[PDB]
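# Coordinates in review
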Number of protein chains: 2
Amino acid sequence: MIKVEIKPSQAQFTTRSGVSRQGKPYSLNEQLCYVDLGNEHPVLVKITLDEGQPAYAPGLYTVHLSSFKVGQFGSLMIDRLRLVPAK
Amino acid sequence: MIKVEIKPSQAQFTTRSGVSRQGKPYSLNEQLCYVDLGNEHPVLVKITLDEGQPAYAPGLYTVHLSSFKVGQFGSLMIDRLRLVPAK
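Residues numbered from 1 in each chain as written, not as in the entry; some residues may be left out. Chains lettered and ligands numbered in written order. Heavy atoms only, no water.

In terms of determination method, the entry is listed under solution NMR.

Written out as structure tokens, the structure reads:
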């Protein structure tokens, strides 16, 4: 699957100003991850971090298609890849 | 994973004119598939079909991130989801 590896220095997200749809301000937390299934070396990619949800801890990761959708002429497309530990 | 189900009427691709990069004409074969992991009901989505590669036969499917890439501000994105039977 879309494996990943949350580096040891990427176990904590960051709080950054944010606004859902110009309705209310939301300083969601963002984190990082390292994907390799598409590149031997790890690629530090971004990963949203839900409030209650704690930054992606250390452990092999696997993106989640819970963020993917089907449509647009019938073409699958991620809407916000939900990362998760490889299990 | 991104499961799928190639319907019984979607076991054959179609030959349609095509052009890689304005270099040469390529009538690649395209097929279809039904994804549900993002919707109880199956969603008929498109799926490229390599020449030698035979249309996606009947059997649970799972998209392949072999078509995904990491970059663009660090955002994973499919470049041409490679479908494969769920195994």
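### As for the nonpolar core
Ranked by size, the top nonpolar core spans 37 residues in total, and within it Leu83(A), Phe68(B) and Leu83(B) carry the most contacts. Among the elements of the structure, β3 (29–35), β4 (43–49) and β5 (60–64) of chain A together with β3 (29–35), β4 (43–49) and β5 (60–64) of chain B are those that each provide at least two residues to this core. Sequence-distant contacts of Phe68(B), that is, excluding residues within four places in its chain, are made with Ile2(A), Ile2(B), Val63(B), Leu76(B), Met77(B), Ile78(B), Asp79(B) and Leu81(B). (Core = buried A, V, L, I, M, F, W, Y, C linked by side-chain atoms within 4.5 Å. Buried < 20%, exposed > 50% of the residue type's maximum accessible area, 1.4 Å probe, protein only. Helix = DSSP H or I, 4+ residues; strand = E, 2+ residues; numbered from the N terminus. Contact = heavy atoms within 4.5 Å.)

### A few points about the sheet that holds strand β8 (residues 82–85) of chain A
Residues and elements named next belong to chain A. Reading across the sheet, the three strands line up as β1-β5-β8 and stay open at both edges, with antiparallel pairing between neighbours. Because the sheet does not close on itself, it has two edges, and the strands there are β1 (3–5) and β8. Between one strand axis and the next, the sheet turns by 40° as a mean value, whatever way the strands run. As paired strands, β5 and β8 are joined by four bridges and run antiparallel to one another. Bridging from a neighbouring strand, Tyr61 pairs with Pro85 of β8. (Pairing = 2+ DSSP bridges. Axes fitted to C-alpha atoms, helices over the stretch in contact; angles between N-to-C directions.)

### Considerations on the sheet that holds β3(A)
All names here are of chain A. Spatial strand order, β2-β3-β4: three strands in an open sheet with antiparallel pairing. Looking at which strands have only one partner, the edges of the open sheet turn out to be β2 (14–15) and β4. Sheet topology note: the β3/β4 ladder contains seven bridges and is antiparallel. Paired with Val35 across the two strands is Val43, which belongs to β4.

### A closer look at the relation of the copies chain B and chain A
For the pair chain B and chain A, the best superposition has an RMSD of 0.0 Å and corresponds to a rotation of 180° with a translation of 0.0 Å parallel to the axis. When the rotation and shift are considered jointly, the pair of chain copies conforms to a two-fold rotation axis. By residue overlap, the copies meet face to face through one surface: 100% of the interface positions of chain B are interface positions in chain A. (Least-squares fit on C-alpha atoms.)

### Concerning the packing of aromatic side chains
Residue and element names in this part refer to chain A. Taken as a whole and judged by the stated rule, the model has two aromatic pairs over all chains. Where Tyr56 meets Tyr61, the ring centres are 5.6 Å apart and the plane angle is 75°; that geometry is what we call edge-to-face. On the accessibility criterion, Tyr61 (4% relative accessible area) is buried. (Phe/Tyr/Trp six-rings, centres within 6.5 Å; stacked < 30°, edge-to-face > 60°.)

### Here we look at the interface of chain B and chain A
Residue-level contacts link 20 residues of chain B with 20 residues of chain A. A buried area of about 1,500 Å², summed over both sides, lies between chain B and chain A, and 84% of it is on carbon and sulfur atoms. Contact with chain A buries surface across chain B, with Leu65(B), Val70(B) and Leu76(B) losing the most and accounting together for 37% of the total. Scanning the region where chain B abuts chain A turns up zero salt bridges. Applying the counting criterion to the chain B and chain A interface returns two residue pairs in polar contact. Those elements that place two or more of their residues in the side of chain B that touches chain A are β4 and β7 (77–78) of chain B. It is β4(B) that provides the largest number of residues to the side of chain B that touches chain A, a total of three residues. Grouping the amino acids of the side of chain B that touches chain A by side-chain chemistry returns 15 nonpolar, four polar and one charged. (Buried area = accessible area lost by both parts, 1.4 Å probe. Salt bridge = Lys/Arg side-chain N within 4 Å of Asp/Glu carboxyl O. Polar contact = N/O pair within 3.5 Å; in protein donor to acceptor, adjacent residues only side chain to side chain. Nonpolar A, V, L, I, M, F, W, Y, C, P; charged D, E, K, R; others polar.)

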